[PDB]
């Protein structure tokens, strides 16, 4: 079992975290660390109104594919283990998160949408929009499909388990440099297991600055 799933099925996580109100019960003078950016959502929605730049990024990363690199990945998956004229990525999201998305954007265009739910039923749905009972079934659905990469879009429960069961190869983390109130957060990334390998330029979008960083799984056991 030294053939890791995430490296075979290239399972990635992409999120955006803001800063969270100190609850008014913090001490004297503040300290910062990567955990400072952990706010994920508030009452079923995103903590902030709308940050178009992060939207544009998320879309670009989840819908980008390089066909001249697929065969090599095909070659990798089968060995391990016409339909669609265009190759695509698989986006795994939880029901809550699925419900949060608006109407005109579902299912996410140019993407193979998947949903984790123990309650939903495949039928009143599109034959084109898969669904699964548990994380383990996903690996099976991936085994059948022809896809470039698989992106775990949240939410929190989703992130926690996928991180727990260690199915994440990289984390495309957006650091939103502003405070909002949240009720759901992102897990505290362990440094011994994930390390930042890339940091982008800094931008301003909808009255807040933000940057994009990338965490990569550490090969140290």
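Numbering follows the first chain given and starts at 1.
Per the record, residue 140 and residue 141 are directly connected, with no deposited-sequence residue omitted between them.
Relative to its counterpart among 201 to 209 and 16 to 24, 16 to 24 has the higher mean temperature factor, C-alpha atoms as listed in the PDB entry. The stretch with the higher mean CA B factor, choosing between 159 to 167 and 32 to 40, is 159 to 167. The PDB entry assigns residue 150 a C-alpha temperature factor belonging to the lowest third of its chain's modelled residues. In the deposited entry, the Cα temperature factor of residue 214 places it in the lowest third of its chain's modelled residues.
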